[PDB]
Structures are given as C-alpha cells and as structure tokens.
Amino acid sequence: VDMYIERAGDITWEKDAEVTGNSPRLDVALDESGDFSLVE
Amino acid sequence: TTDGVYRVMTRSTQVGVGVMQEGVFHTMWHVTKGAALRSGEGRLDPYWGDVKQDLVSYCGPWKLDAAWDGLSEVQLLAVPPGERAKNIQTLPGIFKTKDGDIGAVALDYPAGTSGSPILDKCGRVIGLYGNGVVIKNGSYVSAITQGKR
Ligand SMILES: N=C(N)N[C@@H]1CCCCNC(=O)[C@H](CCCCN)NC(=O)[C@H](Cc2ccc(O)c(N)c2)NC(=O)Cc2cccc(c2)CNC(=O)CNC1=O
C-alpha cells in the first residue's frame, strides 16, 4: 500500500482568474467524527 | 520537501492533495488517515492530526495560519485527478454553526481533489478544500478548513 506524494505546482494567486460559484449561507452541524451535515 | 502543492497518490490513483510549507506537509485527514507518505526516497511520518477538524500534518506542527478575512474573494488552487493545477476564484459563502461561522466555497470537484489549498490575494493558504456538505440539488459546498499553528 504505497502512498506517495508528487509535486503538482507552485502556490500562487492567478490574476484575472475565472470567477464562479455562488455564496450560500447554510446552517450546518459538525459531529465528533469531522462530518458536516445540514440543519434542516 | 520543497514548498508547493502536491498530489497524494496510492499505488496509481490520486486520493488527495496537500501543501508543503516550512518543511511540513499539510493535508486532510481523510486523504491519508495518518499513514506514512513516501517522498522520492524518503518517508514522511505524521506529526499532528485531528479527526474532527479533518486535518493532519507531517514532519512538524501545522504551519498554515492565514485566515479568510470574511469579506474578500478567494481562489481554490484545484489539483484534480488527471488534470493540471488550476486556480478558480469565488466569493465564499458561510457555514453557520453553533460554534461560529466558517467560510465555505461552492465548488464541486472529484474526491481526489481533497486537500487542495484555498488562497487569499497574497497567495497565503487560508485553508484546505474537501470537508463539506451536499445541498438539496446534489452539489457540494466545502468548508475552508484551517488548523491552528
Ligand atoms: N457529492 C458531491 N457533489 N461532490 C463531492 C465532492 C468531494 C470533494 C472532496 N471531499 C471529499 O471527498 C469528502 C470526503 C469525506 C469527508 C468527511 N469528513 N466528501 C465530502 O465532504 C462529502 C461529505 C458528505 C456526504 C453526504 C452528505 O449528505 C453530506 N452533507 C456531506 N461526501 C460526499 O459528497 C459523498 C457523495 C455523496 C453523494 C454522491 C457522491 C458522493 C458522488 N460524487 C462523487 O463521487 C464525487 N464528488 C464528491 O464526492
């Protein structure tokens, strides 16, 4: 079970990047196992 | 252990992504479950982790301390399986929890993109992508998950 890493890039901000996605405001809960769920 | 963003692979399948900064490798716990990592010919051992935060660091303590300012657009430096690293800009939403608000990004990528860094305009890593919720239409919203340095 060989788990390994390989470099993929430099960490930089890219000027004039594509902007997408909305900005949802959600009520959520986080349990002790690190799982988020919606509060409905 | 040169600074940068890395794919986390198993042998190959990409199971996630992480950040090398200040000699410490940072990823989400669910990517590795704390298992040791090979880097070229060297072994990286876990140092710190927290299941509830879904984070783990290797070779030293968590180094990423920048925080979302609660106002500005951010960039996901997405490293999807089989695709080159790319930056996607977005205005975060909010996870409202009993313990406070967490910035959150409504960007949906394959599971193996877990651990991709989220950046502020100075290029600082304000958290990692990939612990989130599935909303009613089936799309995904990720917390901006950041540790404590
Ligand atoms: N479902 C999607 N549209 N997009 C997701 C994006 C995955 C991005 C990387 N993160 C992960 O893999 C983590 C791992 C586990 C970390 C746990 N502490 N994941 C997640 O947070 C969520 C957690 C979750 C699960 C169910 C929920 O009701 C809520 N509130 C939250 N886990 C999933 O969605 C699983 C899932 C659910 C439904 C359909 C799919 C996958 C099929 N989609 C894909 O295989 C690729 N896309 C996908 O898998």
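Here the protein sequences line up with chains A and B, keeping their order. Everything in the first sequence is counted per the deposited numbering, starting at 49 for the first residue and increasing by one. Residue numbers 18 to 28, 33 to 170, in the deposited numbering, belong to the letters of the second sequence in order. Cβ atoms here follow ideal geometry from the backbone N, Cα and C, with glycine treated the same way.
Does ligand 1 have a heavy atom nearer than 7 Å to the CB of residue i?
i, result
"B/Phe-116", "no"
"B/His-47", "no"
"B/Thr-27", "no"
"A/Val-49", "no"
"B/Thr-134", "yes"
"B/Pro-138", "no"
"A/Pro-72", "no"
"B/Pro-131", "yes"
"B/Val-38", "no"
"B/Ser-93", "no"
Provide the residue(s) that pair with residue i in DSSP beta bridges, ordered along the chain.
i, result
"B/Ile-109", "B/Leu-97"
"B/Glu-43", "Looking at the DSSP assignment, B/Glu-43 forms no beta bridge with any residue, so it has no partner."
"B/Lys-157", "Per DSSP, none; premise fails for B/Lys-157."
"B/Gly-148", "B/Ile-139"
Compare the C-alpha of residue i against each of the options and name the closest.
i, options, result
"B/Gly-55", "B/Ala-99, B/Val-72, B/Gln-35 and B/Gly-148", "B/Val-72"
"B/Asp-141", "B/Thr-34, B/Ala-88, B/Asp-129 and B/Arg-59", "B/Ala-88"
"B/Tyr-68", "B/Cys-143, B/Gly-136, B/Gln-74 and B/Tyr-79", "B/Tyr-79"
"B/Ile-147", "B/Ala-106, B/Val-45 and B/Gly-91", "B/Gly-91"
"residue 30 of chain B", "B/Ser-135, B/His-51 and B/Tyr-130", "Here residue 30 of chain B is not present, the numbering of chain B passing from 28 to 33 in one jump."
"B/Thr-166", "B/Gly-21, B/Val-126 and B/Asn-158", "B/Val-126"
"B/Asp-86", "B/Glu-104, B/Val-40 and B/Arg-64", "B/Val-40"
With 8 Å as the threshold, decide whether the Cβ of residue i is near any Cβ in chain A.
i, result
"B/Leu-149", "no"
"B/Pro-113", "yes"
"B/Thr-27", "yes"
"B/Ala-99", "no"
"B/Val-126", "yes"
Subject >> Contact residues within the stretch 70-88 of chain B, judged by C-beta distance below 7 Å to chain A >> reply: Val-72, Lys-73, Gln-74 and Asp-75
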